[PDB]
Protein chains: 2
Amino acid sequence: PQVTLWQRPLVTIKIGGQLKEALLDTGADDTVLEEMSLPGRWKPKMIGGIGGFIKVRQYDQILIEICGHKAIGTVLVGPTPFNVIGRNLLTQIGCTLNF
Amino acid sequence: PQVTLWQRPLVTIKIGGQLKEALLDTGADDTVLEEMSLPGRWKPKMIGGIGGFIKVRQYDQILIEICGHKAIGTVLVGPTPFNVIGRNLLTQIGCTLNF
Ligand SMILES: O=C(Nc1nc2ccccc2[nH]1)c1cccc(CN2C(=O)N(Cc3cccc(C(=O)Nc4nc5ccccc5[nH]4)c3)[C@H](Cc3ccccc3)[C@H](O)[C@@H](O)[C@H]2Cc2ccccc2)c1
């Protein structure tokens, strides 16, 4: 659908059997989610934002359903203030910007 | 134009007589630019991001031209790693997300 930006572009995701809301974030290269229960092995990673750097657990091959749309990719789980869907997944659900 | 998200959505802006490149960022509420010479009066502000919070100077009613589109708005200048156009200006140039 089309989303204007007068509000935050929030969507529902289902991940790991849990329902969450997340921002569709075109500035973010990677998807990063607040700390939560995911099955599996992960590897530590460090990522940067405004404010500085944080350490996150990287999970690969995770299935996310964003709106109805399923995608599989790497997810980083970490101390973010908000769940953000980044370009790695936005690409898979066919998201574009238009102006 | 429509922009797909396989690469960072960068655009040229002109602000304060100077030409810069900036990311179109649907997840950012506010616009935040690296340190630069703006004239005028400003206010301290702190904003948060992934990584922590930073202190910035807020300038109001500044003209930006982003592509050939003029907008006036608040801009925050400070130590971001990259210039970010946030939704406060994205709404003025008519930007939309579509999937
Ligand atoms: O993959 C990422 N990295 C990365 N991959 C890697 C791979 C390998 C190694 C290292 C790596 N590193 C990555 C993923 C997600 C987010 C970010 C960092 N990231 C933000 O940090 N941000 C804060 C941001 C940016 C601009 C403006 C604001 C804003 O207005 N805030 C605000 N607070 C306030 C308090 C009071 C009053 C007014 C206020 N206003 C906020 C928001 C996301 C966000 C939104 C809400 C809450 C938390 C985070 C932007 O949307 C994002 O695109 C982006 C912007 C940005 C992009 C690059 C550099 C710096 C910044 C990076």
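Proteins come first, then strands; the chains are lettered A, B, ... in the order of their sequence lines, and each starts at number 1. We use all heavy atoms of the structure for the numbers below, so side chains are in, but hydrogens, waters and symmetry mates are not.
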Residues of residues 53-63 of chain A near chain B, each having a heavy atom less than 4.5 Å away: A/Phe53, A/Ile54
Common cluster, B/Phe82/B/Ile47, ILVMFWY with side-chain heavy-atom separation under 4.5 Å: no
Side chain / backbone / both / neither for A/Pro81 at chain B, heavy atoms under 4.5 Å: side chain
Among A/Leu23, A/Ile93, A/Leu24, residue most engaged with chain B (heavy-atom pairs, under 4.5 Å): A/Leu24
Part of residues 4-15 of chain A lying next to chain B, heavy-atom separation under 4.5 Å: A/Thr4, A/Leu5, A/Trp6, A/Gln7, A/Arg8, A/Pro9, A/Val11
Residue B/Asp29 versus chain A: region with a heavy atom under 4.5 Å: side chain
Interatomic spacing from CZ in A/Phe99 to CD1 in B/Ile66 - rounded to 0.5 Å: 9.0 Å
Whether B/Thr80 side chain and A/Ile50 backbone form a donor-acceptor pair below 3.5 Å: no
hydrophobic_cluster_shared for B/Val32 and B/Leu89, side chain cutoff 4.5 Å: no
Transitive ILVMFWY side-chain link B/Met36 to B/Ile85, under 4.5 Å: yes
Transitive ILVMFWY side-chain link A/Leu38 to A/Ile64, under 4.5 Å: yes
From B/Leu97 atom CG to A/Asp25 atom CG, the distance as rounded to the nearest 0.5 Å: 9.5 Å
Over 12 non-hydrogen atoms of neighbours within 6.0 angstrom of NZ in A/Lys45: no
Pairwise distance OG1(A/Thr96) to CG(B/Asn98) - rounded to 0.5 angstrom: 5.0 Å
